[PDB]
């Protein structure tokens, strides 16, 4: 069991992925990216970054 | 690399370990366990459980 498997999106309760630059926790389920600051995942809609269009699309 | 490699205790900045029952992020460096509530790791001292005497001791592998 790994941490990323039990954390969930504060807004949609959906799965989170570690961003490629590893500074955020991505919630596609909500079109949001929670920032990781001072070593804490900042789970607040107020602090989250809105995913860009390209980020919301499916690479597939 | 894994998430636990990037996260640090907000108090002492030391490593964090997922607890046995997976409901807490323990910070031995701070003697606290941060609860994970409904998928959110609430990492504030005011919300943490202070580690017991047994948890704070060094893990003894072999007999003595």
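Read-outs throughout are calculated quantities, based only on the coordinates presented, and are distinct from any laboratory measurement.
Cα centroid distance between the range B:2-41 and the range A:16-56, in Å?
Cα centroid of the range B:2-41 versus Cα centroid of the range A:16-56: 19 Å apart.
Top mean-square fluctuation among A:39, A:29, A:14, Gaussian network model of chain A, C-alpha springs under 10 Å?
Result: A:39 has the largest fluctuation of those listed.
In square nanometres and to one decimal, what's the mean projected area of the convex hull around the Cα atoms of chain A? It would help to have the intermediate numbers written out before the result.
Values: hull surface 17.7 nm².
About 4.4 nm², averaged over all directions.
Taking every pair of alpha-carbon atoms in the protein assembly as shown, give the share separated by more than 23 Å as a whole percent.
On the way: 2614 of 7626 pairs.
Value for the protein assembly as shown (Cα pairs over 23 Å): 34 percent.
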